[PDB]
Amino acid sequence: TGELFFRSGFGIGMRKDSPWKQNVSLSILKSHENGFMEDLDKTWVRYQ
Amino acid sequence: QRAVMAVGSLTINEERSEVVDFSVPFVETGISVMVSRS
Amino acid sequence: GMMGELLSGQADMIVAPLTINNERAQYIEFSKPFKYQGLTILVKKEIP
Ligand SMILES: Cc1sc2nc(COc3ccc(F)cc3)cc(=O)n2c1[C@@H]1C[C@H]1CO
Ligand SMILES: *[C@@H]1O[C@H](CO)[C@@H](O)[C@H](O)[C@H]1NC(C)=O
């Protein structure tokens, strides 16, 4: 019930000295724009 | 190197992220179509 | 919790449904969000 409040998305926790920033951001963008996220949603949302 | 900060409607894309950085998005959008009823 | 474990060296990469807050961002870097969601109120079903 009700409406969404304090709408904030999730994220991947990292560290300031970790050199895996771009290599993870590009993977996330690939998953988003290549339908991987859509497939995961379809396989994990709207069960009934 | 002709400016510092760019403000506008620039969707985050891989083909643009390798030459310029981006901050945390504040507005969510996407791709959609609009069809009339009658 | 998870942020303390990461800061203590027991972990390096955080992959979990963790929200984004200013205090968390001041110490732990967050990648691109997965989905945009908010907070809602849960109420048990009431019989008619
Ligand atoms: C305000 C808005 S509008 C907004 N939209 C989204 C939608 O999903 C994405 C996914 C990838 C991306 F590159 C950009 C957006 C997420 C999100 O967290 N937000 C936010 C909170 C503040 C930002 C934290 O990341
Ligand atoms: C991914 O591999 C390493 C580790 O992060 C990084 O130095 C490299 O630049 C990345 N690859 C590309 C193509 O950016």
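Entry numbering is not used for residues: they are numbered from 1 along each chain in the order the sequence is written, which may differ from it, and residues without coordinates are omitted. Chain A is the first chain written and ligand 1 is the first ligand written, with later ones labelled in order. Remember that the shown chains come from a larger assembly, so read each value as a statement about the shown part. Excluded from the side-chain calculation are hydrogens and water; included are all heavy atoms of the structure.

In terms of determination method and resolution, the entry is listed under cryo-EM at 4.0 Å.

Caption draft 1: Focus on the side chain of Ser31 of chain C. Mapped onto the secondary structure, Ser31 of chain C falls in the segment after α2 (22-25). When near neighbours in sequence (up to four residues on either side) are disregarded, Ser31 of chain C contacts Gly11, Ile12, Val24, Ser25 and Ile28 of chain A. Helix and strand definitions follow DSSP, with helices as H or I runs of at least four residues and strands as E runs of at least two, each counted in order from the N terminus. In what follows, a contact means two residues having at least one pair of non-hydrogen atoms within 4.5 Å.

Caption draft 2: Layout of the site of ligand 1. Near ligand 1, the surroundings consist of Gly9 and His32 of chain A, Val24, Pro25, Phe26, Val27 and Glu28 of chain B together with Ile20, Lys32, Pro33 and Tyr36 of chain C. In this structure ligand 1 sits where residues from chains A, B and C come together. In the analysis that follows, any N or O atom pair within 3.5 Å is treated as a polar contact, provided that within protein one partner can donate a hydrogen and the other can accept it, and provided that, for residues neighboring in sequence, both atoms belong to side chains. Taking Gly9 of chain A, its main chain carries an N or O atom lying 3.3 Å from an oxygen atom of ligand 1. A class-by-class count of the residues in the shell around ligand 1 yields seven nonpolar, two polar and two charged. In this text, near means that some heavy atom of the residue lies within 4 Å of the molecule or strand in question. Classes in brief: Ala, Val, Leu, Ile, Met, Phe, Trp, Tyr, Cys and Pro nonpolar; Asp, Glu, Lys and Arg charged; the others, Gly included, polar.

Caption draft 3: Summary view of the pattern of salt bridges. Any carboxyl oxygen of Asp or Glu that lies within 4 Å of a side-chain nitrogen of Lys or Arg is treated as forming a salt bridge with it. On inspection of all chains with the given rule, the structure shows three salt bridges over all chains. Residue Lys21 of chain A pairs with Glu29 of chain C through a salt bridge whose shortest N-O separation is 3.6 Å. Linking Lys21 of chain A in helix α1 (residues 21-33) with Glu29 of chain C in the segment after α2, this pair reaches from one chain into another. A 1.4 Å probe rolled over the protein chains alone gives each residue an accessible area, and that area as a share of the maximum for its type sets the label: buried under 20%, exposed over 50%, partly exposed in between. Among the residues examined, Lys21 of chain A registers a relative accessible area of 30% and is labelled partly exposed. According to the relative accessible area criterion, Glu29 of chain C is partly exposed, its value standing at 28%. If you follow the salt bridges from partner to partner, you end up with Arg15 and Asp17 of chain A together with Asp12 of chain C in one network.

Caption draft 4: A look at the nonpolar core. We call a set of buried residues a nonpolar core when its members are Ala, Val, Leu, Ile, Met, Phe, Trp, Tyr or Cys and they connect through side-chain atoms within 4.5 Å of each other. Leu6, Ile14, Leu18, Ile28 and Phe30 of chain C form the largest nonpolar core, which has five residues in total. The contacts of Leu6 of chain C, once residues within four sequence positions are left out, are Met14 of chain A together with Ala11, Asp12, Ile14 and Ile28 of chain C.

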